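**Q** Under PDB author numbering, residues 22 to 142 are what the sequence shown spells out, in order. Note that the Cβ used here is the ideal one computed from N, Cα and C, for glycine as well. To start, I am sharing the structure in question, which I have written as structure tokens.
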Amino acid sequence: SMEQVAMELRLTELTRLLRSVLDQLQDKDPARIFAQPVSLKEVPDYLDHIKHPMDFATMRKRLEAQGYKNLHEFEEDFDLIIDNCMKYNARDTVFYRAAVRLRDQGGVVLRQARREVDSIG
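Take a look at the structure:
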């Protein structure tokens, strides 16, 4: 139907905006601490601690399959990256501190993303 096509165009354009959002958030992680999944070869107990691992590569795979229907779904995955790290790692670690800085800098990017998503519809 034509309605299905219009819905699909809307999804495509959201995917475009989320790709730009993801690029901007990932620039706030210049150390690449959050770039890839935590390795279960290197951290074999990880899934005992963290039940829903997340990372920027996994988000990018979901995005390119158009698997984010709205900004809330994308933000949920970004918050998992941060929250997972802040639980597994202690306050005095470069990992925790990187997640704080990513949360704080990413908030700015996400605030305007929300306005753009609402504004453009």
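Counting only the same chain and skipping the five closest in sequence on each side, list residues whose C-beta sits under 6 Å from that of residue 98.
**A** 75 and 80
**Q** Which parts of the stretch 76-125 are runs of the alpha helix (DSSP H), unbroken and 4 residues or longer, counting only runs that do not cross its ends?
**A** 77-85 and 92-109
**Q** Measuring CB to CB, does residue 36 end up less than 9 Å from residue 85?
**A** yes
**Q** Is the beta carbon of residue 119 closer than 9 Å to that of residue 44?
**A** no
**Q** Rounding to the nearest angstrom, what Cα-Cα distance links residue 114 and residue 82 in this structure?
**A** Their Cα atoms are separated by approximately 28 Å.
**Q** Quick check on residue 53: does DSSP put it in helix, strand or coil?
**A** coil
**Q** Is the beta carbon of residue 71 closer than 9 Å to that of residue 105?
**A** yes
**Q** What span of residues does the alpha helix (DSSP H) with residue 60 cover, start to end?
**A** Neither: residue 60 is in no alpha helix (DSSP H) and is coded neither H nor E.
**Q** Determine the direct distance from the alpha carbon of residue 116 to that of residue 108, and round the result to whole angstroms.
**A** Answer to the nearest angstrom: the Cα atoms are 10 Å apart.
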